[PDB]
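Q: Enclosed is the structure file query12.cif (mmCIF, C-alpha atoms and all ligand atoms).
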```cif
data_start
loop_
_atom_site.label_atom_id
_atom_site.label_comp_id
_atom_site.auth_asym_id
_atom_site.auth_seq_id
_atom_site.Cartn_x
_atom_site.Cartn_y
_atom_site.Cartn_z
CA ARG A 1 51.73 -42.97 31.53
CA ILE A 2 49.88 -41.80 34.63
CA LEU A 3 51.93 -38.59 34.94
CA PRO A 4 52.58 -37.44 31.35
CA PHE A 5 54.43 -34.16 31.99
CA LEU A 6 56.24 -35.19 35.19
CA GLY A 7 59.45 -35.45 33.17
CA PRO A 8 59.52 -31.84 31.95
CA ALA A 9 58.46 -30.70 35.43
CA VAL A 10 61.36 -32.43 37.19
CA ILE A 11 63.68 -31.14 34.45
CA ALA A 12 62.55 -27.58 35.15
CA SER A 13 62.60 -27.88 38.95
CA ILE A 14 66.30 -28.75 39.22
CA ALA A 15 67.28 -25.20 38.20
CA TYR A 16 65.79 -23.91 41.48
CA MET A 17 67.88 -26.19 43.72
CA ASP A 18 71.17 -25.31 42.01
CA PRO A 19 74.26 -24.68 44.19
CA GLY A 20 73.49 -20.96 43.98
CA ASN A 21 70.64 -21.55 46.43
CA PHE A 22 72.88 -23.63 48.72
CA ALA A 23 75.18 -20.68 49.44
CA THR A 24 72.29 -18.29 50.08
CA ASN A 25 70.24 -20.58 52.33
CA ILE A 26 73.24 -21.53 54.48
CA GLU A 27 74.31 -17.91 54.98
CA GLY A 28 70.80 -16.89 56.02
CA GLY A 29 70.62 -19.61 58.66
CA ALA A 30 73.92 -18.99 60.42
CA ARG A 31 73.62 -15.20 60.59
CA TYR A 32 69.91 -14.77 61.38
CA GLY A 33 68.74 -18.19 62.59
CA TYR A 34 65.46 -19.43 61.14
CA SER A 35 64.12 -15.87 60.70
CA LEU A 36 64.44 -16.05 56.88
CA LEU A 37 62.33 -19.16 56.23
CA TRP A 38 59.45 -16.97 55.03
CA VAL A 39 61.62 -15.48 52.26
CA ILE A 40 62.56 -18.91 50.88
CA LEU A 41 58.88 -19.90 50.77
CA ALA A 42 57.78 -16.67 49.07
CA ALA A 43 60.35 -17.03 46.28
CA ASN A 44 59.47 -20.67 45.59
CA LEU A 45 55.76 -19.96 45.14
CA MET A 46 56.45 -17.18 42.63
CA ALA A 47 58.64 -19.57 40.63
CA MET A 48 55.79 -22.09 40.34
CA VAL A 49 53.54 -19.65 38.47
CA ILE A 50 56.19 -18.63 35.93
CA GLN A 51 57.24 -22.19 35.13
CA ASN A 52 53.61 -23.26 34.70
CA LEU A 53 53.02 -20.53 32.11
CA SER A 54 55.93 -21.76 29.97
CA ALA A 55 54.66 -25.34 29.81
CA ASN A 56 51.19 -24.12 28.80
CA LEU A 57 52.65 -22.07 25.94
CA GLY A 58 54.02 -25.25 24.37
CA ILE A 59 50.92 -27.39 24.92
CA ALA A 60 48.48 -24.85 23.47
CA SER A 61 50.28 -23.21 20.54
CA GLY A 62 52.26 -26.31 19.60
CA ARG A 63 55.33 -24.07 19.53
CA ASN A 64 57.96 -22.95 22.04
CA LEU A 65 58.69 -19.41 23.16
CA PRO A 66 61.81 -18.70 21.01
CA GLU A 67 59.93 -19.95 17.93
CA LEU A 68 57.04 -17.51 18.39
CA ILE A 69 59.42 -14.57 18.81
CA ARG A 70 61.14 -15.40 15.51
CA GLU A 71 57.76 -15.72 13.77
CA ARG A 72 56.08 -12.56 15.11
CA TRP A 73 58.73 -10.05 16.16
CA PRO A 74 60.99 -8.18 13.70
CA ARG A 75 64.29 -9.75 12.69
CA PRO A 76 66.42 -7.00 14.33
CA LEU A 77 64.68 -7.68 17.65
CA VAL A 78 64.85 -11.48 17.27
CA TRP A 79 68.63 -11.44 16.78
CA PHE A 80 69.04 -9.46 20.01
CA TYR A 81 66.84 -11.89 21.95
CA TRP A 82 68.95 -14.87 20.91
CA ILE A 83 72.11 -13.00 21.97
CA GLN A 84 71.06 -12.09 25.51
CA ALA A 85 69.43 -15.49 26.08
CA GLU A 86 72.74 -17.24 25.40
CA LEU A 87 74.62 -14.93 27.78
CA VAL A 88 72.16 -15.64 30.61
CA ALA A 89 72.31 -19.39 30.01
CA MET A 90 76.10 -19.15 30.35
CA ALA A 91 75.81 -16.99 33.47
CA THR A 92 73.47 -19.32 35.37
CA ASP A 93 75.45 -22.40 34.32
CA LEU A 94 78.59 -20.95 35.93
CA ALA A 95 77.24 -21.31 39.47
CA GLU A 96 75.76 -24.73 38.67
CA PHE A 97 79.14 -25.85 37.30
CA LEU A 98 81.34 -24.48 40.09
CA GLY A 99 79.04 -25.98 42.72
CA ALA A 100 79.31 -29.45 41.19
CA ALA A 101 83.10 -29.10 41.26
CA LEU A 102 83.18 -27.88 44.86
CA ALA A 103 81.19 -30.88 46.11
CA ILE A 104 83.78 -33.25 44.62
CA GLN A 105 86.48 -31.32 46.50
CA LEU A 106 84.65 -31.84 49.81
CA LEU A 107 84.15 -35.57 49.16
CA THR A 108 87.54 -36.47 47.67
CA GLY A 109 89.90 -33.51 48.14
CA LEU A 110 90.58 -32.87 44.46
CA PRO A 111 91.37 -29.32 43.29
CA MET A 112 88.66 -27.22 41.68
CA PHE A 113 90.09 -27.77 38.18
CA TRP A 114 89.89 -31.57 38.14
CA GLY A 115 86.51 -31.31 39.84
CA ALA A 116 85.32 -29.22 36.89
CA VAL A 117 86.57 -31.78 34.35
CA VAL A 118 84.64 -34.56 36.11
CA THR A 119 81.45 -32.49 35.97
CA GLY A 120 82.09 -31.50 32.36
CA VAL A 121 82.29 -35.14 31.24
CA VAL A 122 79.30 -36.43 33.21
CA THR A 123 77.15 -33.59 31.86
CA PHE A 124 78.00 -34.85 28.36
CA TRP A 125 76.44 -38.23 29.16
CA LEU A 126 73.29 -36.65 30.62
CA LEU A 127 72.52 -34.69 27.45
CA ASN A 128 73.66 -37.78 25.51
CA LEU A 129 70.46 -39.42 26.76
CA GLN A 130 68.11 -36.78 25.33
CA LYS A 131 69.75 -37.02 21.89
CA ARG A 132 67.86 -40.14 20.74
CA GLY A 133 65.24 -40.26 23.50
CA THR A 134 64.03 -37.45 25.76
CA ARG A 135 62.58 -39.85 28.37
CA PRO A 136 65.89 -41.30 29.67
CA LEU A 137 66.90 -37.77 30.68
CA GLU A 138 63.64 -37.33 32.61
CA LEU A 139 64.39 -40.50 34.59
CA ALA A 140 67.96 -39.42 35.34
CA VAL A 141 67.07 -35.96 36.68
CA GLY A 142 64.35 -37.55 38.80
CA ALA A 143 66.88 -39.91 40.37
CA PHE A 144 69.14 -37.00 41.34
CA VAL A 145 66.17 -35.23 42.95
CA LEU A 146 65.62 -38.33 45.09
CA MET A 147 69.12 -38.12 46.60
CA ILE A 148 69.10 -34.41 47.51
CA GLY A 149 65.74 -34.79 49.25
CA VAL A 150 66.81 -37.85 51.24
CA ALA A 151 70.21 -36.38 52.15
CA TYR A 152 68.77 -33.22 53.72
CA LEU A 153 66.05 -35.25 55.46
CA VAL A 154 68.65 -37.03 57.60
CA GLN A 155 70.43 -33.74 58.33
CA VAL A 156 67.23 -32.38 59.89
CA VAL A 157 66.96 -35.45 62.14
CA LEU A 158 70.61 -35.05 63.19
CA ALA A 159 70.50 -31.27 63.69
CA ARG A 160 67.54 -31.59 66.11
CA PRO A 161 66.12 -28.09 65.49
CA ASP A 162 63.94 -26.40 68.08
CA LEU A 163 60.49 -26.58 66.49
CA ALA A 164 59.39 -23.47 68.40
CA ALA A 165 62.38 -21.60 66.97
CA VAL A 166 61.75 -22.98 63.47
CA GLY A 167 58.11 -21.89 63.66
CA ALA A 168 59.03 -18.34 64.67
CA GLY A 169 61.15 -18.13 61.52
CA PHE A 170 58.10 -18.14 59.24
CA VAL A 171 56.92 -14.80 60.67
CA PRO A 172 57.91 -12.08 58.15
CA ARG A 173 60.04 -10.00 60.54
CA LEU A 174 63.45 -8.49 59.76
CA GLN A 175 65.92 -6.54 61.90
CA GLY A 176 69.07 -4.68 60.92
CA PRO A 177 70.09 -3.65 57.41
CA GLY A 178 71.96 -6.93 56.91
CA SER A 179 68.94 -9.22 57.18
CA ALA A 180 66.85 -7.01 54.90
CA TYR A 181 69.53 -7.04 52.19
CA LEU A 182 69.74 -10.84 52.32
CA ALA A 183 65.97 -11.21 51.95
CA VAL A 184 65.88 -8.92 48.90
CA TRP A 185 68.71 -10.96 47.38
CA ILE A 186 66.59 -14.12 47.64
CA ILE A 187 63.47 -12.80 45.90
CA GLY A 188 65.51 -10.94 43.29
CA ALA A 189 67.64 -13.97 42.33
CA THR A 190 65.29 -16.95 42.19
CA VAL A 191 63.55 -17.28 38.81
CA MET A 192 65.65 -18.97 36.12
CA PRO A 193 65.25 -17.38 32.66
CA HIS A 194 66.93 -20.20 30.71
CA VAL A 195 64.43 -22.77 32.00
CA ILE A 196 61.54 -20.50 31.00
CA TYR A 197 62.24 -21.07 27.30
CA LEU A 198 63.07 -24.76 27.79
CA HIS A 199 59.89 -25.82 29.60
CA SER A 200 57.73 -24.65 26.69
CA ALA A 201 59.59 -26.82 24.17
CA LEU A 202 59.63 -29.91 26.40
CA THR A 203 55.82 -29.90 26.46
CA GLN A 204 55.50 -28.74 22.83
CA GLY A 205 54.20 -31.62 20.72
CA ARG A 206 54.84 -34.19 23.45
CA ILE A 207 51.43 -35.76 22.73
CA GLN A 208 50.10 -35.58 19.18
CA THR A 209 46.70 -33.90 19.03
CA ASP A 210 44.19 -33.24 16.25
CA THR A 211 41.64 -31.19 18.23
CA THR A 212 41.56 -28.46 20.89
CA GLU A 213 39.83 -30.52 23.60
CA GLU A 214 42.67 -33.03 24.01
CA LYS A 215 45.21 -30.21 24.35
CA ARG A 216 43.16 -28.77 27.22
CA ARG A 217 43.26 -32.10 29.09
CA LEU A 218 47.05 -31.99 28.72
CA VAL A 219 47.10 -28.65 30.56
CA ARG A 220 45.38 -29.99 33.68
CA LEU A 221 47.63 -33.05 34.00
CA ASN A 222 50.65 -30.77 33.50
CA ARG A 223 49.90 -28.38 36.38
CA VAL A 224 49.94 -31.17 38.97
CA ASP A 225 53.37 -32.22 37.71
CA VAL A 226 54.75 -28.68 37.98
CA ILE A 227 53.34 -28.02 41.46
CA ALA A 228 54.67 -31.33 42.79
CA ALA A 229 58.08 -30.83 41.16
CA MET A 230 58.45 -27.16 42.11
CA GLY A 231 57.00 -27.85 45.55
CA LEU A 232 59.70 -30.38 46.42
CA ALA A 233 62.35 -27.81 45.49
CA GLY A 234 60.97 -25.45 48.14
CA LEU A 235 61.10 -27.88 51.06
CA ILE A 236 64.72 -28.70 50.18
CA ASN A 237 65.71 -25.01 50.20
CA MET A 238 64.17 -24.64 53.67
CA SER A 239 66.10 -27.65 54.97
CA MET A 240 69.38 -25.92 54.11
CA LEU A 241 68.25 -22.93 56.18
CA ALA A 242 67.15 -24.96 59.21
CA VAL A 243 70.27 -27.15 59.42
CA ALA A 244 72.52 -24.09 59.21
CA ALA A 245 70.50 -22.31 61.91
CA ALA A 246 70.22 -25.28 64.28
CA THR A 247 74.02 -25.70 64.23
CA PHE A 248 75.79 -22.41 63.42
CA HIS A 249 73.64 -19.53 64.70
CA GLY A 250 74.15 -19.70 68.46
CA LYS A 251 77.82 -20.70 68.10
CA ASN A 252 79.02 -17.44 66.48
CA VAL A 253 80.18 -18.66 63.05
CA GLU A 254 81.59 -16.25 60.45
CA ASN A 255 81.73 -16.65 56.66
CA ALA A 256 78.69 -18.88 56.25
CA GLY A 257 77.92 -18.37 52.56
CA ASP A 258 81.10 -20.23 51.63
CA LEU A 259 80.17 -23.90 51.33
CA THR A 260 83.64 -24.90 52.57
CA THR A 261 83.30 -23.29 56.01
CA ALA A 262 79.78 -24.71 56.39
CA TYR A 263 81.16 -28.16 55.54
CA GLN A 264 83.94 -28.07 58.16
CA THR A 265 81.79 -26.84 61.07
CA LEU A 266 79.27 -29.68 60.64
CA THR A 267 81.73 -32.30 61.91
CA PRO A 268 82.37 -31.07 65.50
CA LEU A 269 78.70 -30.12 65.95
CA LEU A 270 76.65 -32.82 64.18
CA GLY A 271 79.22 -35.41 63.13
CA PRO A 272 81.22 -36.64 60.14
CA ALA A 273 78.15 -38.30 58.60
CA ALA A 274 76.23 -35.01 58.47
CA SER A 275 78.98 -33.51 56.30
CA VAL A 276 78.92 -36.37 53.78
CA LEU A 277 75.19 -36.07 53.09
CA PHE A 278 75.69 -32.33 52.53
CA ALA A 279 78.39 -32.75 49.89
CA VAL A 280 76.66 -35.69 48.19
CA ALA A 281 73.50 -33.58 47.92
CA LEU A 282 75.49 -30.64 46.54
CA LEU A 283 76.97 -32.89 43.84
CA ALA A 284 73.62 -34.10 42.48
CA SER A 285 72.33 -30.51 42.35
CA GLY A 286 75.22 -29.16 40.27
CA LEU A 287 75.60 -31.62 37.41
CA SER A 288 71.84 -32.06 36.98
CA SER A 289 71.11 -28.33 36.71
CA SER A 290 74.12 -27.94 34.39
CA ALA A 291 72.94 -30.59 31.92
CA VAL A 292 69.50 -28.95 31.84
CA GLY A 293 71.13 -25.59 31.14
CA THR A 294 72.73 -26.97 27.98
CA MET A 295 69.48 -28.45 26.65
CA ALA A 296 67.83 -25.06 27.17
CA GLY A 297 70.48 -23.32 25.07
CA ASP A 298 70.00 -25.69 22.14
CA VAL A 299 66.27 -24.91 22.13
CA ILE A 300 66.93 -21.16 22.32
CA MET A 301 69.08 -21.03 19.19
CA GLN A 302 66.99 -23.55 17.23
CA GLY A 303 63.82 -21.54 17.85
CA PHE A 304 65.22 -18.03 17.47
CA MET A 305 67.33 -18.67 14.35
CA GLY A 306 66.12 -21.94 12.77
CA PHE A 307 69.54 -23.64 12.82
CA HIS A 308 71.38 -25.37 15.65
CA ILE A 309 74.93 -26.43 16.51
CA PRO A 310 75.79 -29.90 17.90
CA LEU A 311 75.32 -30.46 21.62
CA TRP A 312 79.00 -31.19 22.29
CA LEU A 313 79.91 -27.79 20.84
CA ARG A 314 77.33 -26.13 23.10
CA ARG A 315 78.62 -27.92 26.21
CA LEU A 316 82.17 -26.86 25.32
CA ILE A 317 81.35 -23.15 24.99
CA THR A 318 79.41 -22.88 28.25
CA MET A 319 82.22 -24.54 30.22
CA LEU A 320 84.65 -21.78 29.19
CA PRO A 321 83.67 -19.21 31.88
CA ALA A 322 83.84 -21.98 34.51
CA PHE A 323 87.48 -22.96 33.93
CA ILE A 324 88.50 -19.30 33.55
CA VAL A 325 87.38 -18.49 37.11
CA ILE A 326 89.23 -21.55 38.43
CA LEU A 327 92.47 -20.54 36.70
CA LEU A 328 92.28 -16.91 37.87
CA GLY A 329 91.27 -17.74 41.45
CA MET A 330 88.37 -15.31 41.61
CA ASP A 331 86.53 -14.65 44.85
CA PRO A 332 83.39 -16.79 45.30
CA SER A 333 81.47 -13.63 46.22
CA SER A 334 82.79 -11.71 43.20
CA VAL A 335 81.52 -14.29 40.70
CA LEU A 336 78.07 -14.38 42.34
CA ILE A 337 77.70 -10.62 41.82
CA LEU A 338 78.63 -10.56 38.13
CA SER A 339 76.63 -13.68 37.24
CA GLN A 340 73.53 -12.26 38.93
CA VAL A 341 73.89 -8.94 37.08
CA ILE A 342 73.49 -10.89 33.83
CA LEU A 343 70.67 -12.87 35.47
CA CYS A 344 69.12 -9.53 36.45
CA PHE A 345 69.27 -8.59 32.76
CA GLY A 346 67.71 -11.79 31.44
CA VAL A 347 64.78 -11.90 33.87
CA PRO A 348 62.84 -8.90 32.43
CA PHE A 349 63.54 -9.80 28.80
CA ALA A 350 62.20 -13.32 29.44
CA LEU A 351 59.07 -12.58 31.48
CA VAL A 352 57.79 -9.95 29.03
CA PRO A 353 57.33 -12.22 25.96
CA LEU A 354 56.06 -15.09 28.12
CA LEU A 355 53.31 -12.86 29.53
CA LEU A 356 52.48 -11.42 26.08
CA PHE A 357 52.22 -14.54 23.91
CA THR A 358 50.41 -16.63 26.53
CA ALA A 359 47.72 -13.90 26.47
CA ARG A 360 47.17 -13.74 22.68
CA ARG A 361 44.43 -15.80 21.05
CA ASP A 362 46.50 -15.52 17.86
CA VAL A 363 49.03 -17.83 19.56
CA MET A 364 47.19 -19.84 22.21
CA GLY A 365 43.95 -20.31 20.27
CA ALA A 366 41.19 -21.41 22.64
CA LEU A 367 43.72 -22.00 25.46
CA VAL A 368 44.58 -18.40 26.34
CA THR A 369 45.87 -17.85 29.86
CA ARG A 370 43.29 -16.33 32.19
CA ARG A 371 43.73 -12.57 32.45
CA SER A 372 43.43 -12.89 36.22
CA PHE A 373 46.60 -15.00 36.03
CA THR A 374 48.21 -12.58 33.56
CA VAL A 375 48.03 -9.57 35.88
CA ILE A 376 49.51 -11.47 38.83
CA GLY A 377 52.30 -12.57 36.50
CA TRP A 378 52.94 -8.89 35.77
CA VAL A 379 52.70 -7.95 39.46
CA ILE A 380 55.26 -10.65 40.27
CA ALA A 381 57.31 -9.42 37.30
CA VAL A 382 57.38 -5.78 38.44
CA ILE A 383 58.36 -6.86 41.96
CA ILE A 384 61.28 -8.95 40.68
CA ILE A 385 62.39 -6.37 38.10
CA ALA A 386 62.32 -3.56 40.68
CA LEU A 387 64.34 -5.60 43.17
CA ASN A 388 66.77 -6.51 40.38
CA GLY A 389 66.97 -2.85 39.36
CA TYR A 390 67.70 -1.98 42.98
CA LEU A 391 70.27 -4.78 43.21
CA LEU A 392 71.86 -3.36 40.05
CA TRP A 393 71.91 0.12 41.63
CA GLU A 394 74.26 -1.14 44.36
CA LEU A 395 76.09 -3.70 42.21
CA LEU A 396 76.78 -1.15 39.46
CA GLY A 397 77.22 1.71 41.95
CA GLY A 398 79.88 0.12 44.13
MN MN B 1 68.37 -21.36 40.87
MN MN B 2 70.33 -15.20 67.97
#
```
Spell out the structure here as structure tokens.
A:
Amino acid sequence: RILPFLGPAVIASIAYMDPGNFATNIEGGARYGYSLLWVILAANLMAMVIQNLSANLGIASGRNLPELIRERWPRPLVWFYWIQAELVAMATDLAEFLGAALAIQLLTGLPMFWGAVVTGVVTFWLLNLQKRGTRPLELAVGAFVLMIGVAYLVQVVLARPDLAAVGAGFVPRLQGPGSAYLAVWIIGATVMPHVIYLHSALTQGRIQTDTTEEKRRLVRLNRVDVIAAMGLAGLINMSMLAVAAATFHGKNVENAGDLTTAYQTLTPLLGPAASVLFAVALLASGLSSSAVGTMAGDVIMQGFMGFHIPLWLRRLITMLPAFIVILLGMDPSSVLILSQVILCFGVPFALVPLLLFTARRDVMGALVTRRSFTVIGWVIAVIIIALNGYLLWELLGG
């Protein structure tokens, strides 16, 4: 037990490598080269602070975020919070589900429907682990993170990127209205609200404590786990950018956000082996982030309302929007706009209570978050909310 909270940290980090980030990072590389690497880095650092504040809420108060809302806020407001939190968990799981089904299509050739059934069944077995023991799930998610990191490591060696061109991409410079829009879309759609509630419960009561000094030691050993777990997610997101830029930018490639076109152009440029590592890495990202999304939903309802439904019933409900899109044949860009609108709704409603309760001695006791870290959480919050509000102005304006 050298790293006590490494499990919850790896569980929370997988939501920031979901297939939603694959489509964004690839599109940024082909259209603008490496010149967007600074945006990927900026979004990852902001996601480390928010996820660290959730884990501390559970360690200090001995209670998770949905529990404290039920206990302190009025019943009319609590019922609304449970409602919107379920809708966001279903919105973010849609992209994690469809991505896991697309990777199977690139590796085997199966249609999107049968790919979704394969991912639906394997996600059962992942949450089947955490039923009796929560540690087997922490080992499984960690194993999937090992494959995505190794797969994109070989793609960098094969792509042979110009280091001088990669370095110039970390300079915050943007040209043309297209590149600016794509950067705003990264920072606006990065933080995962469903994993904000979940991280608090995973660390809540993980180590029994009778004093306040042993809880404080748990906070220090937890931060290293979050930084290491969230840090690895950032380097992976930058690898997707570099490979797409080192191969597609100078060759005039259109429709880069679609993971199918990016998969086909890797063979004549890099080779057939470069395409396999891409799809294998996309598969481990999808089903891992989908199984975490279900465990978050169970915590949301159990804390907000006191009762809970079985896990198999929760997995069944969240799969419903996934199969509907497959049957209707919706545009991949159309589903990323509607799902992010709901994600743009859940972000403000999640960051506000997290920044309030982690700052109240009534909740945290002698482990209140430093006010210097509370203001920066609000500054990061206003930046994200404003960008989301702007993204809603064009998404709801047409
Ligand atoms: Mn994500
Ligand atoms: Mn160029």
Q: Residue A:23: which residues within 12 Å, counting all atoms listed in the file, same-chain residues fewer than 6 positions away excluded, as a PyMOL selection string?
A: chain A and resi 17+29-30+95-96+98-99+102+182+185-186+237+240-241+244+255-263+282+332-333+336
Q: By how many Å are atom CA of residue A:61 and atom CA of residue A:364 apart?
A: 4.9 Å
Q: How would you write as a PyMOL selection string the residues that get within 12 Å of (69.7, -4.7, 39.2) in the file's frame, counting only C-alpha atoms?
A: chain A and resi 184-185+188-189+337-348+383-397
Q: Can you tell me which residues come within 8 Å of ligand MN 1 (chain B) when counting all atoms listed in the file, ideally as a list in words?
A: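 Here is the list of contacting residues: residues 14, 15, 16, 17, 18, 19, 20, 21, 92, 189, 190, 191 and 192 of chain A.
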Q: May I ask for the distance between atom CA of residue A:369 and atom CA of residue A:56, given in Å to one decimal place?
A: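 Atom CA of residue A:56 lies at a distance of 8.3 Å from atom CA of residue A:369.
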Q: From the set A:125, A:101, A:108, A:247, which residue has the shortest atom-to-atom contact distance to residue A:160, counting all atoms listed in the file?
A: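 Between A:125, A:101, A:108, A:247, the residue approaching residue A:160 most closely is A:247.
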Q: Using all atoms listed in the file, determine which residues fall within 9 Å of ligand MN 2 (chain B), then list them as number ranges by chain.
A: A: 31-33, 249-250
Q: Restricting the calculation to all atoms listed in the file, which member of A:274, A:246, A:296, A:266 is positioned closest to residue A:8?
A: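 So, comparing all the options, the nearest one is A:296.
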Q: May I have the protein, DNA and RNA residues with an atom at most 12 Å from (58.2, -15.9, 53.7), counting all atoms listed in the file in the file's coordinates, returned as a list in words?
A: residues 34, 35, 36, 37, 38, 39, 40, 41, 42, 43, 44, 45, 46, 167, 168, 169, 170, 171, 172, 173, 174, 183, 184, 186, 187, 234 and 238 of chain A
Q: Enter the distance from atom CA of residue A:51 to atom CA of residue A:132, in Å, rounded to one decimal.
A: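 Rounded to one decimal, the two atoms are 25.3 Å apart.
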Q: List as an mmCIF file with C-alpha atoms, in the coordinates of the input the protein and nucleic acid residues near residue A:229, meaning an atom at most 8 Å away when all atoms listed in the file are counted, but skip any in the same chain fewer than 6 places from it.
A:
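Result file part_34.cif:
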```
data_model
loop_
_atom_site.group_PDB
_atom_site.id
_atom_site.type_symbol
_atom_site.label_atom_id
_atom_site.label_comp_id
_atom_site.auth_asym_id
_atom_site.auth_seq_id
_atom_site.Cartn_x
_atom_site.Cartn_y
_atom_site.Cartn_z
ATOM 1 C CA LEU A 6 56.240 -35.190 35.190
ATOM 2 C CA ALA A 9 58.460 -30.700 35.430
ATOM 3 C CA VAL A 10 61.360 -32.430 37.190
ATOM 4 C CA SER A 13 62.600 -27.880 38.950
#
```
Q: Counting all atoms listed in the file, which of A:123, A:252, A:203, A:334 gets nearest to residue A:141?
A: A:123
Q: When you count only C-alpha atoms, which of these residues is closest to residue A:119: A:323, A:357, A:181, A:80?
A: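 Using only C-alpha atoms, the shortest distance to residue A:119 belongs to A:323.
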Q: Find the residues near residue A:359: any atom within 10 Å, counting all atoms listed in the file, skip ones fewer than 3 places away on the same chain, and give them as a VMD selection string.
A: chain A and resid 57 353 to 356 362 to 365 367 to 371 373 to 374
Q: Could you write stretch 136-150 of chain A as a PDB file, in the coordinates of the input, with N, CA, C and O atoms rebuilt where they are missing?
A:
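rebuild_14.pdb, freshly written:
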```pdb
ATOM      1  N   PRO A 136      64.782 -40.942  28.769  1.00  0.00           N
ATOM      2  CA  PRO A 136      65.890 -41.300  29.670  1.00  0.00           C
ATOM      3  C   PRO A 136      66.451 -40.134  30.465  1.00  0.00           C
ATOM      4  O   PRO A 136      66.905 -40.335  31.598  1.00  0.00           O
ATOM      5  N   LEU A 137      66.436 -38.917  29.913  1.00  0.00           N
ATOM      6  CA  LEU A 137      66.900 -37.770  30.680  1.00  0.00           C
ATOM      7  C   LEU A 137      65.928 -37.420  31.803  1.00  0.00           C
ATOM      8  O   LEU A 137      66.354 -36.984  32.879  1.00  0.00           O
ATOM      9  N   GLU A 138      64.627 -37.609  31.575  1.00  0.00           N
ATOM     10  CA  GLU A 138      63.640 -37.330  32.610  1.00  0.00           C
ATOM     11  C   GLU A 138      63.767 -38.301  33.781  1.00  0.00           C
ATOM     12  O   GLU A 138      63.498 -37.926  34.928  1.00  0.00           O
ATOM     13  N   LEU A 139      64.172 -39.544  33.512  1.00  0.00           N
ATOM     14  CA  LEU A 139      64.390 -40.500  34.590  1.00  0.00           C
ATOM     15  C   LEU A 139      65.666 -40.199  35.363  1.00  0.00           C
ATOM     16  O   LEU A 139      65.718 -40.409  36.580  1.00  0.00           O
ATOM     17  N   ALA A 140      66.701 -39.708  34.676  1.00  0.00           N
ATOM     18  CA  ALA A 140      67.960 -39.420  35.340  1.00  0.00           C
ATOM     19  C   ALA A 140      67.820 -38.242  36.306  1.00  0.00           C
ATOM     20  O   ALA A 140      68.205 -38.338  37.477  1.00  0.00           O
ATOM     21  N   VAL A 141      67.263 -37.126  35.827  1.00  0.00           N
ATOM     22  CA  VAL A 141      67.070 -35.960  36.680  1.00  0.00           C
ATOM     23  C   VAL A 141      66.212 -36.315  37.891  1.00  0.00           C
ATOM     24  O   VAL A 141      66.479 -35.868  39.013  1.00  0.00           O
ATOM     25  N   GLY A 142      65.176 -37.129  37.682  1.00  0.00           N
ATOM     26  CA  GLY A 142      64.350 -37.550  38.800  1.00  0.00           C
ATOM     27  C   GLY A 142      65.128 -38.317  39.850  1.00  0.00           C
ATOM     28  O   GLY A 142      64.887 -38.162  41.050  1.00  0.00           O
ATOM     29  N   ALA A 143      66.082 -39.145  39.417  1.00  0.00           N
ATOM     30  CA  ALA A 143      66.880 -39.910  40.370  1.00  0.00           C
ATOM     31  C   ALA A 143      67.781 -39.001  41.196  1.00  0.00           C
ATOM     32  O   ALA A 143      67.986 -39.247  42.391  1.00  0.00           O
ATOM     33  N   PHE A 144      68.323 -37.944  40.585  1.00  0.00           N
ATOM     34  CA  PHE A 144      69.140 -37.000  41.340  1.00  0.00           C
ATOM     35  C   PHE A 144      68.304 -36.229  42.356  1.00  0.00           C
ATOM     36  O   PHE A 144      68.794 -35.910  43.445  1.00  0.00           O
ATOM     37  N   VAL A 145      67.048 -35.927  42.020  1.00  0.00           N
ATOM     38  CA  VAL A 145      66.170 -35.230  42.950  1.00  0.00           C
ATOM     39  C   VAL A 145      65.846 -36.110  44.153  1.00  0.00           C
ATOM     40  O   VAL A 145      65.593 -35.610  45.256  1.00  0.00           O
ATOM     41  N   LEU A 146      65.869 -37.432  43.971  1.00  0.00           N
ATOM     42  CA  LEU A 146      65.620 -38.330  45.090  1.00  0.00           C
ATOM     43  C   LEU A 146      66.744 -38.290  46.117  1.00  0.00           C
ATOM     44  O   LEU A 146      66.489 -38.435  47.317  1.00  0.00           O
ATOM     45  N   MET A 147      67.985 -38.077  45.675  1.00  0.00           N
ATOM     46  CA  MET A 147      69.120 -38.120  46.600  1.00  0.00           C
ATOM     47  C   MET A 147      69.228 -36.836  47.418  1.00  0.00           C
ATOM     48  O   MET A 147      69.518 -36.892  48.619  1.00  0.00           O
ATOM     49  N   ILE A 148      69.014 -35.678  46.791  1.00  0.00           N
ATOM     50  CA  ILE A 148      69.100 -34.410  47.510  1.00  0.00           C
ATOM     51  C   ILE A 148      68.016 -34.322  48.578  1.00  0.00           C
ATOM     52  O   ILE A 148      68.251 -33.824  49.685  1.00  0.00           O
ATOM     53  N   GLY A 149      66.815 -34.815  48.269  1.00  0.00           N
ATOM     54  CA  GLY A 149      65.740 -34.790  49.250  1.00  0.00           C
ATOM     55  C   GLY A 149      66.008 -35.711  50.429  1.00  0.00           C
ATOM     56  O   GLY A 149      65.739 -35.353  51.580  1.00  0.00           O
ATOM     57  N   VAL A 150      66.542 -36.904  50.162  1.00  0.00           N
ATOM     58  CA  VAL A 150      66.810 -37.850  51.240  1.00  0.00           C
ATOM     59  C   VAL A 150      68.003 -37.395  52.072  1.00  0.00           C
ATOM     60  O   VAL A 150      68.023 -37.569  53.297  1.00  0.00           O
TER      61      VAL A 150
END
```
